[PDB]
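Scroll down for the structure; my scribbles are underneath it.
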Amino acid sequence: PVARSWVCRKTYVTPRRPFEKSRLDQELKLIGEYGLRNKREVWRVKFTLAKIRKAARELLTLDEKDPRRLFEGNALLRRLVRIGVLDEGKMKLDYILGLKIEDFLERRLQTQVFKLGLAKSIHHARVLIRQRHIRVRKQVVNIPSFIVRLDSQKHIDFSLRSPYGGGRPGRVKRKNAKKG
Amino acid sequence: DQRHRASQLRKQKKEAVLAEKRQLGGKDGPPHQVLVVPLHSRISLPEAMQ
Amino acid sequence: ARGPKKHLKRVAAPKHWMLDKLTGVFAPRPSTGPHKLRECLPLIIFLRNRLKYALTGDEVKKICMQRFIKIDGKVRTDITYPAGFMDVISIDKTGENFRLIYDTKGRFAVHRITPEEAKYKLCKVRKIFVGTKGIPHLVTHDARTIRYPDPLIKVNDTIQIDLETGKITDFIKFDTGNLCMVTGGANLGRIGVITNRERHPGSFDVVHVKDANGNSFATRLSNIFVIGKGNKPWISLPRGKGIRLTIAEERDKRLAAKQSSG
RNA sequence: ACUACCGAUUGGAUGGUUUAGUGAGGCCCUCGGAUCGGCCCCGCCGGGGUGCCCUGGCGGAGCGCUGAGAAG
RNA sequence: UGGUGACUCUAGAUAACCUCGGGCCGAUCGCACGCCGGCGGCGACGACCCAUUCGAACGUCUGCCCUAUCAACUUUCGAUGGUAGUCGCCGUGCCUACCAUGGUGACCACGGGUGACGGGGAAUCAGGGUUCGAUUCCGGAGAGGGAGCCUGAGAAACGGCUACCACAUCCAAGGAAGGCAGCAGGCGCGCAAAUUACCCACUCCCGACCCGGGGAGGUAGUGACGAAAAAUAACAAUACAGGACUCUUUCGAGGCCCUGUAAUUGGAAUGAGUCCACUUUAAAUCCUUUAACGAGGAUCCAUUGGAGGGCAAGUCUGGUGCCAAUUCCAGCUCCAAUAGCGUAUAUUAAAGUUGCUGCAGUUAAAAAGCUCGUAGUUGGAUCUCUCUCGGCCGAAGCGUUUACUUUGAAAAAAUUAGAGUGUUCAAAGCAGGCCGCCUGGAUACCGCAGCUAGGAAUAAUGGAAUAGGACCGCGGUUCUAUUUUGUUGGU
RNA sequence: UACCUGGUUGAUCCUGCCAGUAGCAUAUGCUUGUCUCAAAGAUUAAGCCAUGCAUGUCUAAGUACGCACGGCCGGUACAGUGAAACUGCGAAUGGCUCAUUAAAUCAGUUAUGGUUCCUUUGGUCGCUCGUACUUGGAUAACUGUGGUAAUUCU
């Protein structure tokens, strides 16, 4: 007996057929578009989408006024809207079955740092977050895959402690400036 | 019968092992001879053999 | 085992205690006492995990050993003493009084009461019997025996009893049209009015209760505690008045409170 | 030369059912009675009601009455 | 008296009994002292009995893998039942005495096997299933193997005792002591598994106890079992190469853009490391926070496998033998996943190759000479609520009995499903949120069997045909009213 | 996501098994920078164990003539702290393993109207018609003499 929990989950699925050209090319498309480190981030987002689709299908097998359908559909729709993947005017479960991996890829912190003009590229965005220059609200966030909510979209900025931000010069610049 | 047969074979193996391990370094056998080799020049061998 | 077990694992503790998984291997393990193990709140869980007067069990012992804690008017120094339904906890250093009555979700409320309401308690009578020299005795739900009860008091009635003297002050019979709180099963904590009692000989009777909104639910007769006469309760009730809201209405009231306050 | 079967020797050793016999150790019962103590008797003896009795310490024997009780 | 669905219950009354190995009826200890020698306030400890709590132990109903190359078993020696007792905490062949001859079995008894502790659960997942569950929760069992006790409320206790069997330690040889399937650690076994560390600070347990103790438990150490996040570069200019757009029929021009590739230049950003200080903690470590140093081949250098027969991936090179074809060896190039990637074995999915869902049997694995022929399995059509006593209702018989369907009660947590919640994200956790206050710690699922009250289609079953069949009244015979013969004897 | 690729013929379709593939377990090889959690002598041998530790315990409140310490006030029995020892309680929990065990265990359901129960909590505790302003003998710790090679022996 120990005061430990052993509850833990794999968060991705390896595909059944390893070598098919269309899936490889589409994965490479997404990796290049979004600056992902490897195929496993594609598999991770694909997994969360598959989970959400299974939940929506099992809710849709229920009859229309079933209270579990109303409660759990409202919760699922509210969460998908809250991370900005579904529009607010599309609170219908069937629209969940229309989504794509690219939406949850657009809601990453890497992509939102790229689209807000703090970075010159998507790879510059991953590097910018990973090196403690990006802060959401007033919290330094180091994780590229941090999914940004709609109330947190207008609050992504530069760390008040970063050289590009508040302004203490970095290690290289302070080394070079003291040579002369 | 399976339990008894396994016990018989285990007794055979353990008595053979006990005889062989008893031979080395005991009263009826030759001393256990040990070679100490220091594999660096920073190792103070007289400290270890003390 | 070769004799009584003395330990309680945390994951085997009662769920309504609300203990978390990773604090320890063990749960506080109530002592033997006036309430069952699965239906009690030990004093350490109340005074640490609910009221947060103490942060560890050691200073729960420090609060107890100063004789600042009373259950039903008596100084209880044991930190795992089993307190249960309708118990009146008095802390006169802070000048606070509590009654251990259930939530609508089946957990022991932190329910603050008036010092005037701390004087009495309601006990469900559990057996009546005649002892030597023809003396009527009454055994309640928290192991009290009262000599010479009123002859009108039968089993399953509720007695209002005075904590200082230990003598019966009043009683309520088990009738229809009469107010009860559920003390077990899936409907635990709900408060309503008795409407029916379908008797099953050699088996368990089932009592039908109607909520203040019109919701109807049944329980076993052992799960019924009469708490008022007719429609008005004889004690203070907690915030939720025994009306179990559905999860949709819980979500709606939570969002309405967020929108109004914030 | 190697691989693998059969196999006299009741070969020796061990085990599981059982026939017959023995059976350690504990527990119960019927005894037993090594020791220890009191009561009774006497002696050294203190006071009173005035030699009747008892008061308290030690010693002496009595298979007298016994009570507790180990080995077996 | 009081109770239950039902007592030989509880309470009452009488006659007594009441075990010397003996049942209660207080020769106990603390703290404050005060009233009119006598009266006393708080406690502590003991205690017969009854209740309660924590159980425990016996039973009820239903439910388990493989085997017929196990078809009859139990019964003298208890197997099934009866009566009386013994013993036990109690019900009981538990045991004894005497009777009865019973009890179980193809609906698989009895016997044997299992690489069998059982569940909660795990993997897969359209669904049905298949496989796993030694293992932290619950229940069982054991302490080398058997056996028997002591103390106690509780043990057939092994970190108690007494024997025997198997092992084994010390010895002055007479004697003495033993039991890691506790925590470490060792040997052995093997394909296969960590430190003879620190602490009661946390969680809780025990004791006379706020104070002592705890290899339970916590903490570090080893740890690529496994799961989470996540570096190994980014940008600018320059030079070539593409692709757009303006102007030209085009060639072409674009200080017109955009995108790539560099033995090209350039300083900006930083961790990995090294190392003060805090913080952490029982004391530490780690993390988190912060000084200082810390990057150009940023040599601070990513691996593991596979490809020239098919899923991704070759028109390649050099040695070496054999008769240009051709055995062995070292490379290049490409592809895949990536701080991970191969292999063996088992197992599951593809798999409808075990088939209920859902397979087959002319010629491919496979349907028998033919008929008769138990059990079992299956079976045509048909049939549209009341009687009494107490306040229009409650009690009572239910109506043939079932199988089926539904409802209600009740049914550990953890796990799973799922609600809420910026753990910096997540895997998690059960927390948190706002200027003392405001909150959460939801909810579902939970085969079958059993209780509960409805439904009456579907499928069984029964109800009058030698009528000794219903419904009525008239009865006759036998037994029988608890009272309407003040108190009574009553034929 | 109810998914495919290949293998018997000169060539075609089929049956049929297999190989690849994916998951889960064990092992193992090569490689390994950061950080969070985290299984871990089950499988074979319920095999055998060196050494150390794993179970002890005192309040105002059972017993204090150990100066082992320590103030009074002095006839005041005992200030106070208190080792040892007697007494009480615990050691029947916890921890380990899975050998046994196949209607046994175990789960759900029921029963004790067929039983016991330390403790906690409540009741009962002048309900008996019959030296007490306090009873008796011991025994530890302690002092002292010892035995045996040897023990938590005495």
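Convention: chains lettered A, B, ... in structure tokens order; per-chain residue numbering from 1; ligands numbered from 1 as shown.
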Need the shell around residue 114 (chain F): protein/DNA/RNA residues with any atom at most 10 Å away, counting only C-alpha atoms (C1' of nucleotides). Skip same-chain ones fewer than 3 positions apart. Format as a PDB file with N, CA and C atoms (P, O5', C5', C4', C3', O3' and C1' of nucleotides), in the first residue's frame?
```
ATOM      1  P     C E  58     -18.016 -20.872  10.363  1.00  0.00           P
ATOM      2  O5'   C E  58     -19.122 -21.754  11.064  1.00  0.00           O
ATOM      3  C5'   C E  58     -20.112 -22.404  10.306  1.00  0.00           C
ATOM      4  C4'   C E  58     -21.436 -22.372  11.010  1.00  0.00           C
ATOM      5  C3'   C E  58     -22.624 -22.550  10.101  1.00  0.00           C
ATOM      6  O3'   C E  58     -22.864 -23.905   9.805  1.00  0.00           O
ATOM      7  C1'   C E  58     -22.996 -20.718  11.547  1.00  0.00           C
ATOM      8  P     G E  59     -22.705 -24.414   8.301  1.00  0.00           P
ATOM      9  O5'   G E  59     -23.522 -23.332   7.479  1.00  0.00           O
ATOM     10  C5'   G E  59     -24.578 -23.709   6.622  1.00  0.00           C
ATOM     11  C4'   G E  59     -25.918 -23.273   7.151  1.00  0.00           C
ATOM     12  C3'   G E  59     -26.895 -22.805   6.100  1.00  0.00           C
ATOM     13  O3'   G E  59     -27.479 -23.860   5.375  1.00  0.00           O
ATOM     14  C1'   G E  59     -26.923 -21.290   7.889  1.00  0.00           C
ATOM     15  P     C E  90     -23.532 -23.562  24.395  1.00  0.00           P
ATOM     16  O5'   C E  90     -24.600 -23.561  23.214  1.00  0.00           O
ATOM     17  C5'   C E  90     -25.837 -22.878  23.342  1.00  0.00           C
ATOM     18  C4'   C E  90     -26.297 -22.284  22.032  1.00  0.00           C
ATOM     19  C3'   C E  90     -26.846 -23.250  20.998  1.00  0.00           C
ATOM     20  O3'   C E  90     -28.201 -23.596  21.239  1.00  0.00           O
ATOM     21  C1'   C E  90     -25.340 -21.738  19.970  1.00  0.00           C
ATOM     22  P     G E  91     -28.822 -24.974  20.689  1.00  0.00           P
ATOM     23  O5'   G E  91     -29.097 -24.713  19.142  1.00  0.00           O
ATOM     24  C5'   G E  91     -30.419 -24.562  18.649  1.00  0.00           C
ATOM     25  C4'   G E  91     -30.499 -24.813  17.166  1.00  0.00           C
ATOM     26  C3'   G E  91     -30.146 -26.212  16.698  1.00  0.00           C
ATOM     27  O3'   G E  91     -31.236 -27.104  16.799  1.00  0.00           O
ATOM     28  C1'   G E  91     -29.006 -24.636  15.376  1.00  0.00           C
TER      29        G E  91
ATOM     30  P     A F 111     -33.933 -11.031   6.457  1.00  0.00           P
ATOM     31  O5'   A F 111     -33.579 -12.164   7.510  1.00  0.00           O
ATOM     32  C5'   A F 111     -34.210 -13.432   7.443  1.00  0.00           C
ATOM     33  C4'   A F 111     -33.561 -14.414   8.370  1.00  0.00           C
ATOM     34  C3'   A F 111     -33.083 -13.842   9.690  1.00  0.00           C
ATOM     35  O3'   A F 111     -34.112 -13.764  10.653  1.00  0.00           O
ATOM     36  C1'   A F 111     -31.370 -15.149   8.726  1.00  0.00           C
TER      37        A F 111
END
```
Residues at most 7 Å from region 26-40 of chain D, counting only C-alpha atoms (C1' of nucleotides), excluding those fewer than 3 positions away in the same chain, as number ranges by chain?
E: 148-149, 162
Could those residues be written to a file, using N, CA, C and O atoms (P, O5', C5', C4', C3', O3' and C1' of nucleotides), as a PDB file, in the first residue's frame?
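Output below, filename result-v7.pdb:
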```
ATOM      1  P     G E 148      -4.943 -31.611  15.970  1.00  0.00           P
ATOM      2  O5'   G E 148      -4.419 -31.279  17.428  1.00  0.00           O
ATOM      3  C5'   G E 148      -4.166 -32.322  18.352  1.00  0.00           C
ATOM      4  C4'   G E 148      -3.412 -31.846  19.560  1.00  0.00           C
ATOM      5  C3'   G E 148      -3.979 -30.645  20.280  1.00  0.00           C
ATOM      6  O3'   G E 148      -5.182 -30.971  20.963  1.00  0.00           O
ATOM      7  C1'   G E 148      -1.639 -30.443  20.132  1.00  0.00           C
ATOM      8  P     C E 149      -5.707 -30.274  22.306  1.00  0.00           P
ATOM      9  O5'   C E 149      -5.345 -28.740  22.224  1.00  0.00           O
ATOM     10  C5'   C E 149      -5.542 -27.915  23.356  1.00  0.00           C
ATOM     11  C4'   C E 149      -4.260 -27.693  24.108  1.00  0.00           C
ATOM     12  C3'   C E 149      -4.197 -26.379  24.867  1.00  0.00           C
ATOM     13  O3'   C E 149      -4.676 -26.528  26.189  1.00  0.00           O
ATOM     14  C1'   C E 149      -2.285 -26.600  23.469  1.00  0.00           C
ATOM     15  P     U E 162       8.821 -24.674  24.495  1.00  0.00           P
ATOM     16  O5'   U E 162       7.871 -25.939  24.399  1.00  0.00           O
ATOM     17  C5'   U E 162       7.266 -26.523  25.541  1.00  0.00           C
ATOM     18  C4'   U E 162       6.504 -27.759  25.152  1.00  0.00           C
ATOM     19  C3'   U E 162       7.230 -28.682  24.201  1.00  0.00           C
ATOM     20  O3'   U E 162       8.176 -29.493  24.863  1.00  0.00           O
ATOM     21  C1'   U E 162       5.015 -28.385  23.460  1.00  0.00           C
TER      22        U E 162
END
```
Close residues, residue 142 (chain F) itself excluded, 12 Å, only C-alpha atoms (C1' of nucleotides), min 5 positions apart in chain, as a ChimeraX atom specification
/F:65-66,84-85
Mind writing the picked residues with N, CA and C atoms (P, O5', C5', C4', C3', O3' and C1' of nucleotides) as a PDB file, in the first residue's frame?
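Writing the result to again.pdb gives the following:
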```
ATOM      1  P     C F  65       7.782   5.283  49.664  1.00  0.00           P
ATOM      2  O5'   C F  65       9.134   5.563  50.439  1.00  0.00           O
ATOM      3  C5'   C F  65      10.039   6.575  50.040  1.00  0.00           C
ATOM      4  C4'   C F  65      11.399   6.248  50.579  1.00  0.00           C
ATOM      5  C3'   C F  65      12.145   5.164  49.817  1.00  0.00           C
ATOM      6  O3'   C F  65      12.886   5.670  48.722  1.00  0.00           O
ATOM      7  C1'   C F  65      12.115   4.637  52.129  1.00  0.00           C
ATOM      8  P     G F  66      12.584   5.164  47.229  1.00  0.00           P
ATOM      9  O5'   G F  66      14.008   4.719  46.680  1.00  0.00           O
ATOM     10  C5'   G F  66      14.682   3.608  47.249  1.00  0.00           C
ATOM     11  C4'   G F  66      16.069   3.435  46.683  1.00  0.00           C
ATOM     12  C3'   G F  66      16.977   4.651  46.747  1.00  0.00           C
ATOM     13  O3'   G F  66      17.603   4.794  48.008  1.00  0.00           O
ATOM     14  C1'   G F  66      17.071   3.709  44.585  1.00  0.00           C
ATOM     15  P     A F  84      13.335   1.882  33.396  1.00  0.00           P
ATOM     16  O5'   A F  84      13.640   0.989  34.668  1.00  0.00           O
ATOM     17  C5'   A F  84      14.742   0.103  34.677  1.00  0.00           C
ATOM     18  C4'   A F  84      14.888  -0.566  36.014  1.00  0.00           C
ATOM     19  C3'   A F  84      13.829  -1.595  36.357  1.00  0.00           C
ATOM     20  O3'   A F  84      14.126  -2.867  35.813  1.00  0.00           O
ATOM     21  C1'   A F  84      14.132  -0.120  38.181  1.00  0.00           C
ATOM     22  P     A F  85      13.043  -3.655  34.938  1.00  0.00           P
ATOM     23  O5'   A F  85      12.009  -4.210  36.005  1.00  0.00           O
ATOM     24  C5'   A F  85      12.396  -5.164  36.979  1.00  0.00           C
ATOM     25  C4'   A F  85      11.510  -5.085  38.194  1.00  0.00           C
ATOM     26  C3'   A F  85      10.030  -5.322  37.981  1.00  0.00           C
ATOM     27  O3'   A F  85       9.702  -6.690  37.834  1.00  0.00           O
ATOM     28  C1'   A F  85      10.327  -3.466  39.389  1.00  0.00           C
TER      29        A F  85
END
```
Kindly assemble as CSV a list of the chain C residues that lie within 7 Å of chain F, each paired with its nearest atom pair and their distance in Å to one decimal, using only C-alpha atoms (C1' of nucleotides), sorted first by chain and then by ascending residue number.
```
residue,atom,partner,partner_atom,distance
C:2,CA,F:92,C1',4.5
C:3,CA,F:92,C1',4.8
C:5,CA,F:93,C1',5.7
C:6,CA,F:93,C1',5.4
C:31,CA,F:120,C1',6.7
C:32,CA,F:120,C1',4.7
C:33,CA,F:120,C1',4.6
C:34,CA,F:121,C1',5.1
C:143,CA,F:122,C1',5.9
C:144,CA,F:122,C1',4.5
C:145,CA,F:122,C1',5.5
```
Would you mind exporting N, CA, C and O atoms of the selected residues as an mmCIF file, in the first residue's frame?
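Result went into result-v4.cif, see below:
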```
data_model
loop_
_atom_site.group_PDB
_atom_site.id
_atom_site.type_symbol
_atom_site.label_atom_id
_atom_site.label_comp_id
_atom_site.auth_asym_id
_atom_site.auth_seq_id
_atom_site.Cartn_x
_atom_site.Cartn_y
_atom_site.Cartn_z
ATOM 1 N N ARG C 2 -8.084 -12.783 13.087
ATOM 2 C CA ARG C 2 -8.164 -13.494 14.353
ATOM 3 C C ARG C 2 -8.870 -12.683 15.422
ATOM 4 O O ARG C 2 -8.988 -13.140 16.557
ATOM 5 N N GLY C 3 -9.332 -11.491 15.087
ATOM 6 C CA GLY C 3 -10.007 -10.630 16.018
ATOM 7 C C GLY C 3 -10.366 -9.344 15.329
ATOM 8 O O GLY C 3 -10.244 -9.228 14.108
ATOM 9 N N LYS C 5 -10.666 -5.749 13.609
ATOM 10 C CA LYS C 5 -9.809 -4.913 12.786
ATOM 11 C C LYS C 5 -9.798 -3.484 13.311
ATOM 12 O O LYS C 5 -10.827 -2.943 13.717
ATOM 13 N N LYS C 6 -8.610 -2.885 13.328
ATOM 14 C CA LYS C 6 -8.408 -1.588 13.957
ATOM 15 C C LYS C 6 -8.078 -0.456 12.996
ATOM 16 O O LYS C 6 -7.997 0.689 13.436
ATOM 17 N N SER C 31 -13.972 5.395 16.263
ATOM 18 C CA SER C 31 -14.057 4.472 17.371
ATOM 19 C C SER C 31 -15.462 3.882 17.433
ATOM 20 O O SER C 31 -16.378 4.329 16.744
ATOM 21 N N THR C 32 -15.625 2.845 18.241
ATOM 22 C CA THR C 32 -16.972 2.383 18.510
ATOM 23 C C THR C 32 -17.701 3.435 19.332
ATOM 24 O O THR C 32 -17.096 4.184 20.097
ATOM 25 N N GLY C 33 -19.002 3.534 19.126
ATOM 26 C CA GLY C 33 -19.747 4.594 19.745
ATOM 27 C C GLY C 33 -21.192 4.597 19.327
ATOM 28 O O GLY C 33 -21.707 3.617 18.789
ATOM 29 N N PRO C 34 -21.877 5.719 19.556
ATOM 30 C CA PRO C 34 -23.333 5.737 19.373
ATOM 31 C C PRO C 34 -23.796 5.649 17.932
ATOM 32 O O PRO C 34 -24.999 5.500 17.710
ATOM 33 N N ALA C 143 -28.313 4.968 20.461
ATOM 34 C CA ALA C 143 -27.998 4.110 21.604
ATOM 35 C C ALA C 143 -28.316 4.753 22.945
ATOM 36 O O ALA C 143 -27.644 4.491 23.938
ATOM 37 N N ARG C 144 -29.329 5.600 23.002
ATOM 38 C CA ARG C 144 -29.818 6.095 24.277
ATOM 39 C C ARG C 144 -30.914 5.163 24.753
ATOM 40 O O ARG C 144 -31.734 4.715 23.953
ATOM 41 N N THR C 145 -30.923 4.867 26.043
ATOM 42 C CA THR C 145 -32.030 4.164 26.669
ATOM 43 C C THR C 145 -32.679 5.110 27.665
ATOM 44 O O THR C 145 -32.003 5.660 28.538
#
```
Within 12 Å of chain B, which residues of chain E show up? Give each one with its shortest atom-to-atom distance in Å (one decimal) and the two atoms involved, counting only C-alpha atoms (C1' of nucleotides), rows by chain then rising residue number, as JSON lines.
```
{"residue": "E:113", "atom": "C1'", "partner": "B:2", "partner_atom": "CA", "distance": 11.9}
{"residue": "E:166", "atom": "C1'", "partner": "B:11", "partner_atom": "CA", "distance": 11.5}
{"residue": "E:167", "atom": "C1'", "partner": "B:11", "partner_atom": "CA", "distance": 11.3}
{"residue": "E:187", "atom": "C1'", "partner": "B:21", "partner_atom": "CA", "distance": 9.7}
{"residue": "E:188", "atom": "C1'", "partner": "B:14", "partner_atom": "CA", "distance": 7.3}
{"residue": "E:189", "atom": "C1'", "partner": "B:10", "partner_atom": "CA", "distance": 9.5}
```
Can you list every residue of chain C that has an atom at most 8 Å from chain E, with its nearest atom pair and the distance in Å to one decimal, using only C-alpha atoms (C1' of nucleotides), ordered by chain then number, as CSV?
```
residue,atom,partner,partner_atom,distance
C:2,CA,E:155,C1',6.0
C:3,CA,E:154,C1',5.0
C:4,CA,E:55,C1',6.2
C:5,CA,E:54,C1',7.9
C:6,CA,E:205,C1',7.3
C:7,CA,E:205,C1',6.8
C:11,CA,E:413,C1',5.6
C:12,CA,E:413,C1',5.4
C:13,CA,E:413,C1',7.3
C:14,CA,E:413,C1',7.7
C:15,CA,E:413,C1',7.1
C:18,CA,E:441,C1',6.7
C:20,CA,E:430,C1',7.1
C:23,CA,E:203,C1',6.5
C:24,CA,E:203,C1',4.1
C:25,CA,E:203,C1',6.0
C:26,CA,E:204,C1',5.4
C:27,CA,E:204,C1',6.7
C:28,CA,E:204,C1',6.5
C:32,CA,E:53,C1',4.7
C:33,CA,E:53,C1',5.0
C:34,CA,E:53,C1',6.3
C:35,CA,E:53,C1',6.8
C:36,CA,E:53,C1',6.6
C:61,CA,E:210,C1',6.7
C:62,CA,E:210,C1',6.1
C:65,CA,E:210,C1',5.9
C:128,CA,E:2,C1',7.9
C:129,CA,E:2,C1',6.5
C:130,CA,E:11,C1',5.8
C:131,CA,E:11,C1',6.4
C:132,CA,E:11,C1',6.7
C:133,CA,E:11,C1',7.3
C:134,CA,E:11,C1',5.4
C:136,CA,E:2,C1',7.7
C:139,CA,E:51,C1',7.2
C:142,CA,E:52,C1',7.7
C:143,CA,E:52,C1',4.9
C:145,CA,E:51,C1',7.1
C:185,CA,E:410,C1',7.4
C:201,CA,E:5,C1',5.0
C:202,CA,E:5,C1',5.6
C:203,CA,E:451,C1',8.0
C:206,CA,E:409,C1',7.1
C:218,CA,E:409,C1',7.0
C:219,CA,E:409,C1',6.2
C:220,CA,E:409,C1',6.6
C:247,CA,E:443,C1',7.2
```
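Rounded to one decimal, CA of residue 95 (chain A) and CA of residue 46 (chain A) lie 17.1 Å from each other.
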Got a sec to pull out which chain A residues are within 8 Å of chain F, counting only C-alpha atoms (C1' of nucleotides), and send them as a ChimeraX atom specification?
/A:6,15-18
Take the residues from that selection and put them in a file with N, CA and C atoms, as a PDB file, in the first residue's frame.
```pdb
ATOM      1  N   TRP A   6      -2.017   5.397  -9.828  1.00  0.00           N
ATOM      2  CA  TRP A   6      -1.446   4.800 -11.026  1.00  0.00           C
ATOM      3  C   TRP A   6      -2.278   5.083 -12.257  1.00  0.00           C
ATOM      4  N   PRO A  15      -1.286   4.379 -36.260  1.00  0.00           N
ATOM      5  CA  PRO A  15      -2.207   3.886 -37.287  1.00  0.00           C
ATOM      6  C   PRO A  15      -2.035   2.399 -37.559  1.00  0.00           C
ATOM      7  N   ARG A  16      -3.107   1.789 -38.069  1.00  0.00           N
ATOM      8  CA  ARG A  16      -3.133   0.343 -38.264  1.00  0.00           C
ATOM      9  C   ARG A  16      -2.194  -0.087 -39.380  1.00  0.00           C
ATOM     10  N   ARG A  17      -2.230   0.621 -40.504  1.00  0.00           N
ATOM     11  CA  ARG A  17      -1.373   0.345 -41.643  1.00  0.00           C
ATOM     12  C   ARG A  17      -0.232   1.347 -41.650  1.00  0.00           C
ATOM     13  N   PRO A  18       1.025   0.896 -41.561  1.00  0.00           N
ATOM     14  CA  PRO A  18       2.120   1.838 -41.285  1.00  0.00           C
ATOM     15  C   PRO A  18       2.467   2.716 -42.463  1.00  0.00           C
TER      16      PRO A  18
END
```
Chain E residues near chain A (9 Å cut-off, only C-alpha atoms (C1' of nucleotides)) as a PyMOL selection string
chain E and resi 136+203+217+227-231+233-235+267-271+311-312+336-338+415+418-419+424-428+444
Quick one, how far is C1' of residue 222 (chain E) from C1' of residue 32 (chain F)?
17.8 Å
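Closest approach to chain A from the set C:255, C:124, C:248, C:80 is made by C:248, with distances taken over only C-alpha atoms.
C1' of residue 257 (chain E) sits 8.5 Å away from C1' of residue 244 (chain E).
In terms of minimum interatomic distance to residue 175 (chain C), C:226 ranks closest within C:226, C:245, C:54, C:63, counting only C-alpha atoms.
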